[PDB]
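**Q** opening piece of the complex, as it sits:
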Amino acid sequence: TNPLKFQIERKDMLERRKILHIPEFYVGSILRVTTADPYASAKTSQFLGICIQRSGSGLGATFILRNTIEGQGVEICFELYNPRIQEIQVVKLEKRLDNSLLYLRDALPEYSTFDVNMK
Amino acid sequence: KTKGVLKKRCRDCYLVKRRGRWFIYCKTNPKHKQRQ
Amino acid sequence: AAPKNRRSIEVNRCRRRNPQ
Amino acid sequence: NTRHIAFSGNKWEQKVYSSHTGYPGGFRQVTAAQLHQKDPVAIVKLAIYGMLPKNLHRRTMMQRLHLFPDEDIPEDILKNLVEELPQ
Amino acid sequence: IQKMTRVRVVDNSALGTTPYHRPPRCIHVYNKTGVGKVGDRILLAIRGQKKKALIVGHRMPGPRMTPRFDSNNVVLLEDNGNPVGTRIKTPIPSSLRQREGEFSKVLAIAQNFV
């Protein structure tokens, strides 16, 4: 049962890693995701933002991205193994203290001081 | 349409009996059709 | 609530012996 | 030959057998026609089921009664007495 | 989106930026369910005027493949289903284009798409 689920994970990761060269990223990293999904005339949709939360599960492993657009906060969750995504580029790399960036919802300057502190 | 007494309204009205009930049928006008 | 009537011996025996 | 039974008058379609369950609105009406088209041996049996006195002996003597829609009688390999009283 | 939920107006020429004493509220949703979403028309109440508007934003996306907006925004319109405002602010979802072409006037007047 469980080792068969591990086999599912292995098979999925093989299928994805062969076709997709997308590098490994972690929570609190500034990324740019290309998307061919929408119906817009331009096939390429570039979304720049920092990943607030990533919980890997099976083939359905997803990561949530967040950024400030035109004064309004925009949060879009993408599937890591989603074939709709063309590529992903890492503009910057951060760490913080946790895989949960939810504390950034308040956007306080003190927490930003800590944000700048660690590597 | 539905009454307890069925009589011919005009000369062209015809009385019939079907399924244990009496009915009035008139080809000239449909308003003369009655049911008991 | 309160019992409507006093329990007979038979019912008492059958209740306290067989099912337990 | 319980299916070859013949009821007089218009009672064929006009006879209603009532079957009610514990559930609300579980009242079921089965005409003699459809019942004959489905389970005919029930009809005559019901006609007997109201004739006998109540309580025990009713069911006791009810188990002594057997009906079939068509003729197949392995019990006729066992010799029995035949009584003929047609109406 | 449900009744009594306050929404923001992104229309510049419609429902003027100058605020009243009572903030805009949502009376009813055209959908058979009290919970409305993007693409659904809603009946909103403003002081002195009761109007109709589309929902261009939501704080609670159902699917994982859909973006999430921090604030709920609406676009005012008329019975014909067209914006009465000459300008629209803030990004707009790409679902509105999939719905109908008659409503694409909003999409065409929108600055950005996510």
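**A** Arrived safely, thanks for sending. Residues are numbered from 1 along each chain as shown, chains lettered A, B, ... in the order given.

**Q** and for residue A:81, the neighbour number?
**A** 19 (other Cβ atoms under 10 Å in any protein chain shown). Heads up, the C-betas are built off the backbone N, CA and C, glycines and all.

**Q** which element is it on?
**A** Using DSSP states H and E, residue A:81 falls within no helix or strand.

**Q** burial of the residue nearest to it when sequence neighbours are not counted, as a residue count?
**A** Using Cβ to Cβ, 6 or more residues apart in numbering or on different chains and skipping residues adjacent in sequence, the residue nearest residue A:81 is residue A:16, 4.8 Å away. Neighbour count for residue A:16, taken as other Cβ under 10 Å: 16.

**Q** what secondary structure does residue A:16 sit in?
**A** For residue A:16, the assignment made with DSSP: H, G, I helix; E, B strand; the rest coil gives helix.

**Q** mind listing the helices for chain E?
**A** With helices called from DSSP state H, chain E shows them at E:95-99, E:104-109.

**Q** quick check, the residue in chain A closest to chain E?
**A** Taking Cβ to the nearest Cβ, chain E has its nearest neighbour within chain A at residue A:73, 3.5 Å off.

**Q** for residue D:40, see how far away that residue is.
**A** Counting by Cβ to Cβ, to the nearest Å, the separation of residue A:73 from residue D:40 is 77 Å.

**Q** these two - which one has more neighbours?
**A** A direct count of neighbours by other Cβ under 10 Å for residue A:73 and residue D:40 places residue D:40 higher, at 20 against 15.

**Q** please convert the helices of chain E to JSON lines, extending it with distance to residue D:53.
**A** Below are the helices of chain E laid out as JSON lines (distance: least, Cβ to Cβ, whole Å):
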{"stretch": "helix E:95-99", "distance to residue D:53": "77"}
{"stretch": "helix E:104-109", "distance to residue D:53": "85"}
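
**Q** so which of these is nearest chain A?
**A** With Cβ to the nearest Cβ, the closest approach to chain A among these belongs to helix E:95-99: 5.6 Å.

**Q** residues in contact with that closest one?
**A** The contact list for helix E:95-99 (Cβ atoms under 8 Å, 6 or more residues apart in numbering or on different chains) reads A:39, A:40, E:38, E:39, E:54, E:56, E:103, E:104, E:106, E:107.

**Q** please name the residues that touch the second one.
**A** Contacts were defined as Cβ under 8 Å, 6+ apart; by that measure residue A:40 touches E:94, E:97, E:113.

**Q** kindly incorporate the sequence below as chain F:
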Amino acid sequence: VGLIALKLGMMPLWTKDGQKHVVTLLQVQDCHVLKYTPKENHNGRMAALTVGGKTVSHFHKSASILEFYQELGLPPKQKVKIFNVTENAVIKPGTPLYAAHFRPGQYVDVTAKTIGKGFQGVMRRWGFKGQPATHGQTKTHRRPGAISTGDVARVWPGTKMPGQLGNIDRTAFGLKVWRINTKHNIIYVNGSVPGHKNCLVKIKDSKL
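**A** Putting chain F together with the chains above:
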């Protein structure tokens, strides 16, 4: 047409169209045909489908069970079930079988044991609203409230009341099969399946 399977797990799949599909996996360990019982009045004949774990042989002891396995020349088996076959032309004698018996795109029905909830209240069973949690309401919150009417003394049979829920047989209908794996003996079924993983399930031909 059908076989007995074992619930494995669930996982999303991505079609070339781009539409997401949530499916469950049904693993087939072993399958053997045991007994063939012909019938007349039912206008159909019964067959025996069996999925064994082979471990239970020693800790499960019975005369008829063991004698059945031994006389039929069948290896030790965990689960023995029956299946109704209407078509007499497709009926075969005792034979071992594989999970290749199923084809993708075919809608199937899944019969399994529903998750036992143990003893459950009037809520979560019949989905009653209950009483308010405020405004002077005293201990009525999760209570079912009134039941019958003053006219009829006794309560109607089949009345909805709190009790044991789950751990019973249920059949899900209209489940499409996206694909099958013969070598790994895995069945991809679109839908939901009754019961927890590793619980015995049943895949049968649906009605459409």
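
**Q** again for the neighbour count of residue A:81, chain F present now?
**A** Residues lying near residue A:81 (other Cβ under 10 Å) number 21.

**Q** how much space between it and residue A:15?
**A** Applying Cβ to Cβ to residue A:81 and residue A:15 gives a distance of 8 Å.

**Q** same check on residue F:87?
**A** If you go by Cβ to Cβ, the gap between residue F:87 and residue A:15 works out to 39 Å.

**Q** mind checking which of the two has more residues around it?
**A** Comparing residue F:87 with residue A:15 by other Cβ under 10 Å, the one with more neighbours is residue A:15, at 13 against 9.

**Q** how much space between that one and chain D?
**A** 54 Å (Cβ to the nearest Cβ, to the nearest Å).

**Q** find the nearest non-adjacent residue to residue F:130, please.
**A** residue F:142 (5.7 Å).

**Q** what's the local residue count around residue B:31?
**A** Residue B:31 sits with 9 neighbouring residues when counted by other Cβ under 10 Å.

**Q** what about it? Give its phi and psi, please.
**A** Backbone torsions for residue B:31, taken as degrees, to the nearest 10, come to phi -70, psi -20.

**Q** so what's it up against?
**A** By Cβ under 8 Å, 6+ apart, the contact set of residue B:31 is empty.

**Q** gap between it and chain E?
**A** Distance check for residue B:31 against chain E: by Cβ to the nearest Cβ, it reads 43 Å.

**Q** count of neighbours near whatever residue of chain B ends up closest to chain D?
**A** Chain D sits closest to residue B:20 of chain B, with a gap of 9.8 Å, by Cβ to the nearest Cβ. By other Cβ under 10 Å, 6 other residues sit near residue B:20.

**Q** from residue D:29, how far off is it?
**A** Note on residue B:20: its distance to residue D:29, by Cβ to Cβ, is 20 Å.

**Q** also residue F:36?
**A** Applying Cβ to Cβ, the value for residue F:36 to residue D:29 is 43 Å.

**Q** and residue F:81, by the same measure?
**A** Per Cβ to Cβ, residue F:81 is found 40 Å from residue D:29.

**Q** higher neighbour count, the two?
**A** Set residue F:81 next to residue D:29 and count neighbours by other Cβ under 10 Å: residue F:81 wins out with 15 against 10.

**Q** quick one: residues contacting that one.
**A** Shown in contact with residue F:81 (Cβ under 8 Å, 6+ apart): F:4, F:48, F:49, F:50, F:51, F:200, F:202.

**Q** and then RNA strand G:
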RNA sequence: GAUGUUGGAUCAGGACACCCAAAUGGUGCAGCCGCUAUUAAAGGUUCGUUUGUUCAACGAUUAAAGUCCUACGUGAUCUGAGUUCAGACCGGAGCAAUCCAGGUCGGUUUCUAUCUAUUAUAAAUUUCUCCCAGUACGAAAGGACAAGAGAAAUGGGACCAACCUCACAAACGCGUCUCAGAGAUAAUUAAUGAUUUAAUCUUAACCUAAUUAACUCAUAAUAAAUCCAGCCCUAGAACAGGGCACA
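**A** Let me add RNA strand G to what's already shown:
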């Protein structure tokens, strides 16, 4: 030597004098929508503001926002808003003790179930949008039946792979998936050859063409007893169910 009298909440069941959905007749029914009457209770019959309402007025929808009975259902389930009795005022009546089938405020609602009864198998139900179409018809305005397709909704039976509440590997919807033939009869109503009664007639007879829900299934869930000490379980009150390679 007591059947606790309104309303609301909760939980329903039934009636048909049918509001809506269905099948029709007539229409001063072109069409679309209406009016009137017949058949039909399977399902559904909303969310708010004012006031205790039984009401009523008003707001926004909806296919509709039906009526009545069940001790004007339901207080050994709840509510005390009304009212059924200890106070504080206004107004009226009375010389006074005090009242009023009048109006304003406040006023503890007791019980551990003995018996009867009860502690589910299933097959669904409703709507919107699009396509033929803007054709026939009509001066113009206006303007389908059928067939096909895509979406929901209520609800039945479910599940945890993602999202969500998640401090173990669990339970949930706010998340996901599914929902199906068929046969026969309704009361209307529309017919074919045709008598009695040279005509006529759906009916008397008889072979026969077609018509809502209920009423039923081609069927899907079910049942191999006869050891089970002891150790475990996503199983569980006990029990039952499952799994552990006994001496």
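
**Q** again for the neighbour count of residue A:81, since RNA strand G is there now?
**A** Neighbourhood size, residue A:81 [other Cβ under 10 Å]: 21.

**Q** tell me the helices in chain D, going along the chain?
**A** With DSSP H, the ranges of helices along chain D come out as D:11-14, D:32-38, D:40-49, D:56-62.

**Q** for the longest one, list every residue counted as buried.
**A** In this case it means helix D:40-49. Residues D:40, D:42, D:43 are the ones in helix D:40-49 that count as buried (16 or more other Cβ atoms under 10 Å in any protein chain shown).

**Q** now those as TSV including distance to residue D:13?
**A** Output for the buried residues of helix D:40-49, formatted as TSV (distance: Cβ to Cβ, whole Å):
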residue	distance to residue D:13
D:40	15
D:42	17
D:43	14
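
**Q** closest one to chain A out of those residues, please.
**A** When those are compared for distance to chain A (Cβ to the nearest Cβ), residue D:42 wins out at 52.6 Å.

**Q** enumerate the residues of chain A near RNA strand G.
**A** Chain A has residues A:53, A:55, A:57, A:58, A:60, A:62, A:64, A:77 near RNA strand G, with proximity defined as Cβ under 7 Å from any atom of the strand.

**Q** the third one - that's part of a helix, no?
**A** Think residue A:57. No: Residue A:57 sits outside any helix when classified using three-state DSSP, being coil.

**Q** contact partners for it?
**A** Residues near residue A:57 by Cβ under 8 Å, 6+ apart: none.

**Q** ok, it to residue A:63 distance?
**A** Distance of residue A:57 to residue A:63, given as Cβ to Cβ: 11 Å.

**Q** between the helices of chain D, which one is closest to RNA strand G.
**A** Nearest of these to RNA strand G, taken as Cβ to the nearest atom of the strand: helix D:32-38 at 6.3 Å.

**Q** now do the closest one: which elements does it pack against?
**A** Contacts defined by 3 or more Cβ pairs under 8 Å, 6 or more residues apart in numbering or on different chains; DSSP states H and E place helix D:32-38 against helix D:11-14, helix D:40-49.

**Q** thought residue E:81 was touching residue E:103, still the case?
**A** Yes: contact criterion Cβ atoms under 8 Å: residue E:103 and residue E:81 qualify, at 6.0 Å.

**Q** mind checking which of the two has more residues around it?
**A** Each of residue E:103 and residue E:81 has its neighbours counted (other Cβ under 10 Å); residue E:103 has more, 18 against 14.

**Q** nothing else from me, thank you.
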